[PDB]
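Next up is one chain by itself, shown in structure tokens, the form deposited in one PDB entry.
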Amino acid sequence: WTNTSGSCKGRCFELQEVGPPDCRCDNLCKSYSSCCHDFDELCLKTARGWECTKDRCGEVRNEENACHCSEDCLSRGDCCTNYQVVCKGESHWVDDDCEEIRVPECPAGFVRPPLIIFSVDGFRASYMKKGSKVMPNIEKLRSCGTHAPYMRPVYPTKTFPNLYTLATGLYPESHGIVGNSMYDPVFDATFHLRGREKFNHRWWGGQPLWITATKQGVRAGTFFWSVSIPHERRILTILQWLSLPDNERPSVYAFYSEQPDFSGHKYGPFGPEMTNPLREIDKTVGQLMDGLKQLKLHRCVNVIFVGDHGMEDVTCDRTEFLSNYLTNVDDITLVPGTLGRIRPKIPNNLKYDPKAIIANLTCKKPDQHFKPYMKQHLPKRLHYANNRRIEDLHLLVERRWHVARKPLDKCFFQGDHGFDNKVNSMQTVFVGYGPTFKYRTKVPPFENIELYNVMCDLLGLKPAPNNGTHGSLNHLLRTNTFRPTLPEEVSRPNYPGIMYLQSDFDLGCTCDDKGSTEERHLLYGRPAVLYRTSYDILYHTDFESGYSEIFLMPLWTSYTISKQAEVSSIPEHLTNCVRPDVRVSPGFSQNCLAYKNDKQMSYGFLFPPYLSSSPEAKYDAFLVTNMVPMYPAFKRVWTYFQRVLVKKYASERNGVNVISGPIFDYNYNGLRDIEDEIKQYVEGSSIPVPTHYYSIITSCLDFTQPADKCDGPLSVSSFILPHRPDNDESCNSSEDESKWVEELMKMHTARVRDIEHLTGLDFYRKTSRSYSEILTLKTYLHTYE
């Protein structure tokens, strides 16, 4: 119980959090039904509106007014934002020329620039194309400050997962807010957009920016605004807090707008009804900038104008129904819409057959507008699996479409979001303006998981452990850049020489018949191994590898293919050639007998014999130390990549450096598995089966320079292919590989950083580039939009 008969007099929007039985006056009181009886009348004043008029200039202060035009209002920090414009002949901030901020220009008592996070819900990246005619304030921030053409949100491209990702620097699978709605099987409770369940602390993991701030003695403003508090009041409150004494004043502030998301759902992103809501948000930005200018803070504060996700054209008519694919939809619960998550209606039903359900949802209609996946098979770039709240069965929905259980479940909407985070329509905005951000600078697109580290740096805070790559966004900043340190190598390699004779081996294999290796094939230095293990560096004419004695295969295989390289076929008599490696013991080698016995498992090679520099060098590609276990269905993908696509990339990019290898992620946590976690081996052997195969393809950004003679920045594209026993994911896989393999690889595009987490390897340790630039390169994701 709370005594609401108390009063908010002189307590409106107080920073001290009050709890029952005392009545609250803070912004959050509304969502706990604990505001004092007079909160609306004292704290949500609307009298005379939000703008000063000429007749109000120099007025005697009236406490009933929403905002003031009295001579004392600047010293009290509660002027209407246009006070100096109307009463003192000042210009609106938007009308001022763009002037470089070389150092913060703050009033006395400020020791560092405050940070204001201006969050806009559903602000699609392409809305910026409307320019100054629609949004002059936002356009000025964008062109005068630092901006990206777009920022990549996290999957699902929904509000609660993305806002909490912005606050923590974590993937939803780690922070726990995996959707706008979610069922936790341990709690046996459901989190919803509406209701009280979401207010329970048990759902919210990690460490949000406001907690990081308070734990390190930095004061934070609210990061939650009640829908009943109008935007003009949110801006005035922030300005009032910025006017508090030095010992009370917060260092970080957040503003939130439900728009343009609200109108986006009603009218779609291309709707003519979108113009007025965008003009209204721009007016709010204008009030904040004018408000800051009159308080002499417009060249003091850092402003981050950021969105949570974009908006797509989605209609009721474009809905796929599970009732058209499955006999009994009454036995299942579906999280529907722009994504699908399926689980049995009865939480632990033994009759629930996910295998039969997936089979009925796989390639059943030619233009099917969704694809089913067991969560561990989802593209690794989504990082959407390691949480009990994520159902095993997932449906990736095609952009512009919805999925529903049955038809029973005019249309209420014309727009929606939630789709795959690489989708153009889901892309959102990023603008950084102020003394710490760069002046009139465009930066390449980046992921929202990276902002938490930057916000910590802008506030002098040590970030909590997160999924960002600290230093990868250093190019956005004038100052407060993070000096990163190269991770120390944990395991030094062995460099084995010849220690065995051909006669020492009995592997059941048959075969009919250092130097400059490092310089040519290892262009960016040796990858470092960041965990404790036993491995060997093996040199060859055409490739170099880091061979694991534990996993009996390379952790990585590195090779360079020039633009002029010749592709050759494997001679008929060498098709089944596998040769013992005299540098590696029989006890630390794979064997052909295991592969022959295993009627479901074949083998591939990491360095392809097809790309050998000579028939003599080709024999090295058939070494037992270059072989890896591969399902025949996967070999169709792998062989096409090696025989066709590597040469294609070398020819188009002027040579390529390729690093390929296995990945073991049986527990789908996005991290390298330890031995005990491996759940599949080649029949009757200790040869582990990878869950995935990666490749990192590097070349010169300036393609007029060959990959092996690049003087400047690099260009990279990578992938993490699922090692599957079938090609059920690719509906057109019965056709030639030229019709589907590339499409599959593009879907499984990845960052070098994703591969580093999955392998415990550290790449690009020896380049002529700055470490900050290399960190940006590692976070790059090649999208095929």
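Residue positions are given as counts along the sequence shown, with the first one as 1. Between two forms, the rigid core is the largest collection of C-alphas that superpose within 1.5 Å.
FYI, the form deposited in another entry isn't displayed, but the following is about it.
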Superposing on the rigid core between the shown form and the other one, the only one of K355, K351, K462, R532 with a Cα displacement of 2 Å or more is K351
By the 2 angstroms cut-off, has the C-alpha of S75 moved between the shown form and the other one once the rigid core is superposed?
yes
With the core lined up, does the C-alpha of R724 move 2 Å or more between the shown form and the other one?
no
Using a superposition on the rigid core, decide whether the Cα position of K45 changes by 2 angstroms or more between the shown form and the other one. no
